[PDB]
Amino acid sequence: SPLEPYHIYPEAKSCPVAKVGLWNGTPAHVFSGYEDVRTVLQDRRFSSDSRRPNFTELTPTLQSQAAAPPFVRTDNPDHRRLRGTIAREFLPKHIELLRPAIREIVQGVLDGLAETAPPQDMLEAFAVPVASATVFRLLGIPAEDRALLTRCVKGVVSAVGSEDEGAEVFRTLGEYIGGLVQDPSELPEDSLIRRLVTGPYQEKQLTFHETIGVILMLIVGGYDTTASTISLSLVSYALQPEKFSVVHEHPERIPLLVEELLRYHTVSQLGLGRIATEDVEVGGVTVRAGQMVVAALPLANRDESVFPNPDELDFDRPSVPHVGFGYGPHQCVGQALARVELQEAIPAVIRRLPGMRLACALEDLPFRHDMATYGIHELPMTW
């Protein structure tokens, strides 16, 4: 099954800590249990620092960056410093101020769609425009430039790309973004890029290339992870629309419902890698210093012991805390924004198009088995 994540690390079907080779052959202990995963991810002995001997990104494309990564591949003091430059933008209190804008962006797209004859690729026609417009508004990216940024993001996220292909992607992406860093003048005043450039960059809290790091990561997490999550939520809707009764009868439960989609559809499908900095016992296993590990989110999000009937999409759970956004210091800084988008986007589209069914067979859809984050390359829906 394409909607069940047990194919990624088949070894974990058999054991809660499972030894496996990564793309380049490096072995890595895969943690599949929720507590173990939570443990790995706030332990100081597991590091996101890619410059360390033996660090192995989960795809070759990302490997290409290890020697000079964005902040997602840093430890303190740098992590605190870099994340610090923009953390304040994504405080739930500030992101809430975007809700009506977001809600407008959504109504915008649904207004388009309402006149269009089905079927439609709801990725291209609903999820991506919502998601991308939202973060591009926040960032201040020119409209002109979004098709390109879109293309290049698919590059970064490829799990089939090579290390030399990935270098070029990032090179190209980086040169674009460097262009805005060096000339912020064409960007809106209420733009996150501009605040970052004229503020902490000019104040030299970070370098030119660190700045590009920051922005690049908001461009990537800002819409690809969000636009897929939307997409798959629709797939679940298409398959089981009377589970979504709630949207109509229980609006105050939408927030839960979103969480439950975050759990079920853990798009960070390969989990998160970490390197041990000294020997550490977790989940009854000693991890020798310098060993890679993988925190398998989507399986931790299906760990029956914490989530009864995990393979069932179930909006009647009392609030339960998925590690969809990860955990620890590197936990998704954009999580607040994506919650909002999903809260606004998914209800909207169900209400305006509740006969949304799949315009072709589940087994025919092109699921992203070749991407570092999951989802679908196209989602033909009729209604």
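Sequential numbering from 1, following the sequence displayed.
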Greater mean Cα temperature factor according to the PDB record, 245 to 253 or 79 to 87: 245 to 253
Selected stretch [higher average CA B-factor]: 133 to 141 or 182 to 190: 182 to 190
Highest CA B factor of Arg274, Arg263, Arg73, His94, as deposited, is found at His94
From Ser228, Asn301, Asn309, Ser268, which pick has the Cα B-factor that tops the rest in the entry? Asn309
Ordered by C-alpha B-factor within the chain, which third holds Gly213? Give me lowest, middle or highest, please. lowest
Sorting the chain's modelled residues by C-alpha B-factor and splitting them into thirds places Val285 in the highest
Where does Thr373 sit by CA temperature factor within its chain: lowest, middle or highest third? lowest
Would you mind checking where the Cα B-factor of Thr198 ranks among the modelled residues of its chain, as the lowest, middle or highest third? highest
Among modelled residues of the same chain, the CA temperature factor third for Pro347: middle
